[PDB]
Every structure is written in structure tokens, then in C-alpha cells.
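Starting off, we have a lone chain in the form deposited in one PDB entry, written out as C-alpha cells.
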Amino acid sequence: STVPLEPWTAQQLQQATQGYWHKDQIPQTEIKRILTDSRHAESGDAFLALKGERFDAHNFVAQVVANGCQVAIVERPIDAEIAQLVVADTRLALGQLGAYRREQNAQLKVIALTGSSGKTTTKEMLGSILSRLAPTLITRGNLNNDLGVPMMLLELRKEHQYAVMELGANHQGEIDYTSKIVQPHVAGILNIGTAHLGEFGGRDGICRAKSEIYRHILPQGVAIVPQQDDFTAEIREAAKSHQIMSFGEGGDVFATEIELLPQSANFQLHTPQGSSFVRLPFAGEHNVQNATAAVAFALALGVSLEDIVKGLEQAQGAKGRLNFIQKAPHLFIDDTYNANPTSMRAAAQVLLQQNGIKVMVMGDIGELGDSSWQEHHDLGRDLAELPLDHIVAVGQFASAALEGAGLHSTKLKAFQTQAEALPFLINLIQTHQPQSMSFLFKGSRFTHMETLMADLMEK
């Protein structure tokens, strides 16, 4: 990693994984770090060999031996000169390590949150709030799956008072596993959207898979539910065995008198601990909703409202999530990290708040099932109805979006590739003469629309 870590002993590893040392060779030094990348495994580390879909890290042990590493956790004895802890399955063993380390840190207050969209942002808000009070460990990057969560738990220290763990649902049963490992005091769902519609086959599967986060809330724990969501009832059932705080209109925490600004939002925050005016440095109503959720979490941890507002007003967003880039006289909105129908519609709303000729450049949307084509169609139908000047679809399902435009066909341009779309944008700037433009780039991870945004910002 990069952060100062707390060392491991051979005994702790053996106890946690319930494995055995091959040839009884036991490391005489303390394990300073557990990693899974063979390139960075040096002397003092313990290499954890994972067997993936494209890889099998067992084939790289010689490299870590050549780089000084003398300890390794494996699924089977290897002929390499290195201390080897043999376990049933290294994947599960990593989780066991994370669980073991989390248990040893009983001085912790842990938050676990999930949702179709908004997890990283709410995690950033919560991190901003809690970090002003005490040392906090929040999920770093995309490490929110069955492998990532224990990896983040391995960074736990005794100085840490709070922990905000973002939990992603890549498939059914995942959140049950990760949440069981995390052992949260406060847990909840932000929303039930349209992400990963392919894996779960319908929003009903998403709800059922995300409701797993309530099963492993520690006693005296608090469940957080959305008040205004299509599946709020099904969630209330899943969380009936805990005390519940809700966010949204009619809930415990809500927002009124919302004033939307191009790069921010001002609103009246209402909580059971009182009311306060909030200057949120995040654009869009969806980030207001996220903010209310974060507030509900912080309150559930007993944070005072003043510290919550203080934390909110100076929070910062993650890379690729509505980042405002200024390239005079034009405006570029970097929203190219990921994409789903809901977040696309939200991004469209954010773009409507801007000045000058508004143009949205969207790519394909992944992880959708058989509904994919239809989704894009409907997307093209709802984006063209909006007061957007130009819509540029790039990818396989761009054509579909064109059909979806129907009556407003002329404001939506479809392209099969980025290379073909670039010259259109270049000329698009010139066509409208000296007049500020607002471009919003968005698309799924594999579409890497930031490449197109870069090639447009250069020329």
C-alpha cells in the first residue's frame, strides 16, 4: 500500500486462516504487509496467491522470491524456496484475515453502505464529516467487492475511531459475505436504481441482493432506509429487526427549499436534531439526496448537526464523478467513471443547469441484461424531450437511442465509434461561433469516454 500499516505475526495468520505451514517452516520476522501483486512483493511482505479468471498468482511466486519476499499464503504446496501457509482457498482466507483484523479493533465505529448509485459520493461526504473528529478509514477507490473489502480492512489501526466501508453488489450473496466480514454498527441502502440489471435480472433481484446488508448489523445497531424509493416497503421488512432512521420526504432527515446551482446546491436541512442551512458543493438534486443519507448516517453515529454541516460544506467529489473542468471559454463535465440509466438521467439534469450551448456526449451502458437495447431506446426518448441543444451517442446501442428520439430525432447524433464522433464535436464548436459550450461526457467503464474528452480538449 502507501499508508502505515500494523504488522502481522505468523501465529496471527495461522490462527486467522486456520491453515498450516508447509514443512513447518515458520517466518522468524513479522509480516509488515499482505499484498496480492507479485510486482511489489518485497522483503518483509507476505504474498497472497489468488486464483482468478484470467490469472493464477501461484505462477508468480518465483518472482516474489527473487524480489526478497520470504512468506506466501497459497492453496497448495509449491516447489519454490519460500515459507508457505497452506489454506483451503486463498480467496476466502483473505476475507478471514480481514474479519480477524476487524475483530481485533473493538474501539471502532463502523458504517456499511450500499446502493445502485451514489455509494462513493456518500462515502466521501461521510469521510469528510468524520475525519474532522477522529482518524477515519474509508474505502479507497473501487475496492468494494468480495476481494476489496477485506483488503481495505487490512489497513485498520488502533488510532482509527470510525470506518466507512462501501459495499458493492456485483452478484447475489456478495453483500451478505462482505457485510458479515465488516460487522457494521450502522448500515443501509442509498437507493434501488438500474445498475447491474443483467446480473440480477430485474430491480427485484437488486433489492433482494442489497437487503443482505441488514442481516449482520451488530446489536444496538441502526438500520438506514430510504423513505422515497420504489422498494421502501420491502426494505422496511428487511430491516424490521433493527432501529431505523430514514432519509427523504416524510422521513427523519429531509431537505426543503432546494436551490439548484450550476456547480452546487443550497437547501434547508431538516433533522430530528434540528434544522440548518446547507451550502453543498455538489451539483444535482441526487447529491442532495445523497447528502441527506450521509446526514442520517452521521446522526446514527451520534455526530452533532454542526459538525455534519461543517463536514458537508467542505467535502470533495471523486474522480470521474461530475468533475467540472474549465477550458476557456468552454465547460467540460467529467462524468466518465461509470454509467447507468438513472445516473445518465441525473447527469442530464445537472447539464441543464449550465450556461451556453448544452451538449451531452454519452457512450454505451454496460451490465444491462436483455433490456439493454430497450433501455438505450427509452434513454434516447427522455434525453431528447429535455431542453438539451445536442445529444451525441457513441457505441453499439447509439442507433437504438436515435430511434428512441423519435420526434426529436434531429437533436440526437449517433456514432458507432469515438474516432468518427471526434471530428463532429470539433466542428460542432466552430459551428456555433464564439459562444460558450457545455459538454458533459459520460459512459460505462469499458467505453472510456475520457479518452474522447481528452482528444477533444486537446484539439
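Residue positions are given as counts along the sequence shown, with the first one as 1.
**Student:** Name the higher of the two by mean Cα B-factor in the PDB entry, 440-448 versus 16-24.
**Tutor:** Looking at the record's C-alpha B-factors, the answer is 16-24.
**Student:** Taking the recorded C-alpha temperature factors, which stretch has the higher mean, 194-202 or 299-307?
**Tutor:** Here the higher of the two C-alpha B-factor means belongs to 194-202.
**Student:** If I read the C-alpha B-factors straight from the PDB entry, which of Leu48, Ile391, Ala66, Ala400 is highest?
**Tutor:** Comparing C-alpha B-factors across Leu48, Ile391, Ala66, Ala400, the top value belongs to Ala400.
**Student:** At the C-alpha atoms, which of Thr120, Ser128, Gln172, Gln353 reaches the highest B-factor in this entry?
**Tutor:** Max CA B-factor in the entry, restricted to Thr120, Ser128, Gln172, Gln353: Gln172.
**Student:** Just say lowest, middle or highest third for the CA B-factor of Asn290 relative to the other modelled residues in its chain.
**Tutor:** Within its chain, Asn290 is a lowest-third residue by C-alpha B-factor, going by the deposited values.
**Student:** Among the modelled residues of its chain, does the C-alpha B-factor of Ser264 lie in the lowest, middle or highest third?
**Tutor:** It falls in the middle third of the chain.
**Student:** Lowest, middle or highest third: which one holds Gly274 when the chain's residues are ordered by CA B-factor from the entry?
**Tutor:** It falls in the top third of the chain.
**Student:** How does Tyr100 rank on Cα B-factor within its chain, lowest, middle or highest third?
**Tutor:** It belongs to the middle third of the chain when residues are ordered by C-alpha B-factor.
**Student:** Considering every modelled residue of the chain and its Cα B-factor in the PDB entry, is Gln314 in the lowest, middle or highest third?
**Tutor:** According to the entry, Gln314 has a C-alpha B-factor in the chain's highest third.
The form deposited in another entry is left out here; the points below concern that form.
**Student:** Pick out, from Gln418, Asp229, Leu301, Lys319, the position at the hinge of the rigid-body motion between the shown form and the other one.
**Tutor:** Considering the domain motion between the shown form and the other one, the hinge residue is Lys319.
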